[PDB]
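Neighbour counts are summed over all protein chains in view; Cβ atoms, including those assigned to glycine, are modelled from backbone coordinates with ideal geometry. Derivation of every value follows stated rules applied to the coordinates shown; laboratory data play no part.
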Amino acid sequence: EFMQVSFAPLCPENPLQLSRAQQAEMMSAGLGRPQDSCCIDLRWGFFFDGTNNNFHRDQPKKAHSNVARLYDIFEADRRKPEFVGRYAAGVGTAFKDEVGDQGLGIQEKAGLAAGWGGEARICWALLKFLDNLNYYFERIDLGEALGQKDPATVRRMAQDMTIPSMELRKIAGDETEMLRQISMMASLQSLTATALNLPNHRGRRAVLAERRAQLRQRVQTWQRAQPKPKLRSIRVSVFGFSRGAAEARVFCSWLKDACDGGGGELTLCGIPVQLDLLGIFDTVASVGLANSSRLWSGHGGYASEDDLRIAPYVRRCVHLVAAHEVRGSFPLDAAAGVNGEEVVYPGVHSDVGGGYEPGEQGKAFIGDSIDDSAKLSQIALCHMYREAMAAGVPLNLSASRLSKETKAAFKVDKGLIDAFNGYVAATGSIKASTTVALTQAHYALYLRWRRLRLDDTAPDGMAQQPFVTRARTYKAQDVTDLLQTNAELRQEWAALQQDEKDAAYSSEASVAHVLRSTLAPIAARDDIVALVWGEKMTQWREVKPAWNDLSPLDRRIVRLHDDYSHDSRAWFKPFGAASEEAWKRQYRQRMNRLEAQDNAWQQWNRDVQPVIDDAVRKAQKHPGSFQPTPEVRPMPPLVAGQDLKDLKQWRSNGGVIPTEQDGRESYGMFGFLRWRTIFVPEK
């Protein structure tokens, strides 16, 4: 039983069409068998969205993820209560009636920065697991039938919902986030005192055991009253993206807590439970601040190494991973130990899990029109759809309840199919056998694309390409992201070419200056700067051969990166404003303040000017008075420096808000000239 590694297969001409083998698998899964016989199989899907992915918030802009899209088409038919799908919002977004996560304020920042709220979402889905069986019998969830609101129940189950707001403030702070990145990058134990905030394992099990006892009495009552049809089995499938894939894995490990009292094969109220498919997109944990180990590795809180291991009763795991994701905040957690496939896909994190809005960064165009069907992540979506159908998951694209918009989310433009398959064909000779080697080989080709597009005065520069022209028509901030990030890559390379001349660390190294300038908590700790510097130079030497490879790149590879894949380092601004809307709000607030401060000074000037003129005319009339100057009211503070320049421009141009120019991960520590960090399971 093992995870076979490969690159993405060619996308079929109809990506929703099952292969002959997959159509056989679907039939043997039981989907389609009848209730005419004595028995029934319940089929339950659990869908955990990724960081800052929220289905109802993001579907209107067609930016809902591949997890949300598959959930949307899971059967929700009042005539089929045996099929139940449940959706957990991504961390950093609202999940309020479910767990009490408001998705604003410090709760939002802690969820985005550190995965806070993931434990609570797993606990909620474990309650839903019990609710699903009550719903079969009674058409109402069990907590609702008991008058028990889910947030209060989850708070008895989940440590993260008890963390005090002042502690959440610490977890989310800017400087704390710099320290987490340094700890991740340099394998450094925390320099500051931190809290572990481990899961409330005992409370979670205790709550599930009492909830399960309430469930068992009802199930036994209804089975006695009406034993037909017999409940033959419960078939579970679990899907996740990003931190939702870390949650999905830990949910599979903790599913034992919701099933009948331990001892052999999983059952619920005597009914066999089987886990037919774990379908996960690019697993990223990066949770918490520390754990009980020497190396935190992003494996804090619920996301321990032990529980991230694919649970042994997972019958099939399909893990689609992003070949070209390289952000330091998004290390990959590889999956092994069960039957299935780990398949490397082109693009960055949300080119595989979904979630870009069509048109962002000038991608997902058909001619000059924005079109969701041309989004790269549509290919991986259909791959997971075919695997879910083959595993017996009751996704129903034909259901009459479905919206036009819901069904259009599974459309795939033939131009994207051709560009995707051209990429696969151009790289078919690579043939690496592990996920680390396969991703590094495809990232090496990406680096050669970046070098091709590096000189933004030249015809082959990124700035001169059609996708940047399209980005300009879509959103000014996207162009700034793209081109500022290319400028930062020129700086990254120049700093490394300078610093590689001397293998020994110096305080005057270029990269050292970058680190001190961008990482305030360690700017006075030259020894820590030296440690980060040493790892950065090691990473450069790893990728230098690819970056320096000036052999022509296959045209098919260039086209995919120009027109389909996104640049996730470019837009990700953990040290900028919380969002573009927040950036704009803060600029308007700053200008409003500067206007008030200037209107206060100008009004002082007009009150004082007559007094100063009057003292002049008098000294002219009596040049001998020692006319000492008159005292006036205290002068309000002067708008000066950059503040005055911005205010002047703001008045002149009528209120144009400049785009946000920086805020990305430091290129002195992460940047493009590195390999993505990938944790490969213990064996």
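For the chain, the longest principal axis of the alpha carbon atoms and the long axis of helix 641-653 meet at an angle near 80°.
One Cα centroid belongs to the stretch 260-336, the other to the stretch 385-411; the line between them spans 26 Å.
Please work out how many pairs of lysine residues in the stretch 1-140 are eight or more positions apart (or on different chains) and have Cα atoms closer than 23 angstrom.
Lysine pairs meeting the criterion: 6.
Placing +1 on the Cβ of every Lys and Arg and -1 on the Cβ of every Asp and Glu, with no other charges, gives the chain a dipole of roughly 1360 debye about its Cα centre.
Here the Karplus relation 6.51 cos²θ - 1.76 cosθ + 1.60, evaluated at θ = phi - 60°, turns the backbone of the stretch 506-521 into coupling constants of 10, 4, 8, 4, 4, 5, 5, 4, 4, 5, 4, 5, 10, 10, 3, x Hz, with x for every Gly and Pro. Couplings 3J(HN,Hα) for the stretch 467-474, derived from phi with the Karplus relation 6.51 cos²θ - 1.76 cosθ + 1.60 (θ = phi - 60°), are 5, 5, 4, 5, 4, 4, 6, 8 Hz, where x marks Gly and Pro.
Viscosity 1.567 mPa s, temperature 4 °C: give me the Stokes-Einstein translational D for the chain in µm²/s, with Rh taken as the Kirkwood radius over C-alpha pairs. Spell out each step's value before the answer.
Working: Rh = 27.4 Å.
Once the numbers are plugged in, D ends up at 47 µm²/s.
Looking at the stretch 229-309, send over the antiparallel percent of its DSSP beta bridges, to the nearest 5. Could the numbers behind the result be given before it?
Values: 2 of 11 bridges.
Given both bridge residues lie in the stretch 229-309, the antiparallel proportion sits at roughly 20 percent.
Summing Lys and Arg as +1 and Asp and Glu as -1 over all other residues whose Cβ lies under 12 Å from the Cβ of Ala335 gives a net charge of -1. Our helix-only sum for the chain, with -39,500 (n - 2.57) per DSSP H run of n ≥ 4 divided by its residues, gives a mean residue ellipticity at 222 nm of -15000 deg cm²/dmol. Applying 1/(1 + (r/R0)^6) with r as the Cβ-Cβ distance of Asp418 and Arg585 and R0 = 60 angstrom yields a FRET efficiency of 0.90. Listed by chain and number, the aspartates and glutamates placed with their C-alpha closer than 16 angstrom to that of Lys414 are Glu13, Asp368, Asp371, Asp372, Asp563; residues fewer than eight positions away on the same chain are left out. Taking label points 7 Å from Cα along the Cα-to-Cβ direction, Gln627 and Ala206 give a separation of 8.6 nm. Counting beta carbons within 10 Å around each of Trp254, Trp124 and listing the fewest first gives the order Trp254, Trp124. In the stretch 428-553, Cα pairs under 8 Å separated by at least six residues give a relative contact order of 24 percent. Subtracting the Cα-Cα distance of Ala152 and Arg651 from their residue separation scaled by 0.36 nm leaves 174.5 nm.
Compute the whole-percent fraction of alpha carbon pairs in the stretch 64-195 spaced more than 20 Å apart.
Working: 4756 of 8646 pairs.
Cα-Cα pairs of the stretch 64-195 separated by over 20 Å account for 55 percent.
Residues whose amide H lies under 5 Å from that of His299, counting only those 5 or more places away or on a different chain, are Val287; hydrogens are built 1.01 Å from N in the peptide plane. The fewest-to-most ranking of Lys80, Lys256 by surrounding Cβ atoms within 10 Å reads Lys80, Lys256. What separates the Cα centres of the stretch 604-683 and the stretch 541-602 is a distance of 25 Å. Along its first, second and third principal axes, ordered by size, the stretch 428-553 spans 45, 41, 25 Å in Cα coordinates. Other residues with beta-carbon under 11 Å from the beta-carbon of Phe55 carry, at +1 per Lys or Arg and -1 per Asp or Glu, a net charge of -1.
Less than 5 angstrom separates the built amide H of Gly671 from those of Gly328, all sequence-distant by 5 or more or on a different chain. Amide H contacts for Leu266 (H built 1.01 Å from N in the peptide plane; partners 5 or more residues away or on another chain; cut-off under 5 Å): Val273. Couplings for the stretch 246-260, taken from phi via the Karplus curve 6.51 cos²θ - 1.76 cosθ + 1.60 with θ = phi - 60°, read 5, 4, 4, 5, 6, 4, 4, 5, 8, 4, 3, 5, 8, 7, 4 Hz in order; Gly and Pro are left as x. Neighbour counts of other Cβ atoms within 10 Å put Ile557, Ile366 in the fewest-to-most order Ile366, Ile557.
Based on Cα contacts under 8 Å between residues 6+ apart, the chain shows a relative contact order of 17 percent.
Can you give me the C-alpha center-to-center distance between the stretch 14-50 and the stretch 424-496, rounded to a whole angstrom? When both Cα centres are located, 40 Å separates them.
Given a Förster distance of 41 angstrom, what is the FRET efficiency for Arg224 paired with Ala432, based on the Cβ-Cβ distance and rounded to 0.05?
Details: r = 58 Å, r/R0 = 1.41.
Calculated transfer efficiency: 0.10.
Counting charges near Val250 (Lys, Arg +1; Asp, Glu -1) among other residues having Cβ under 13 Å from its Cβ returns a value of -2.
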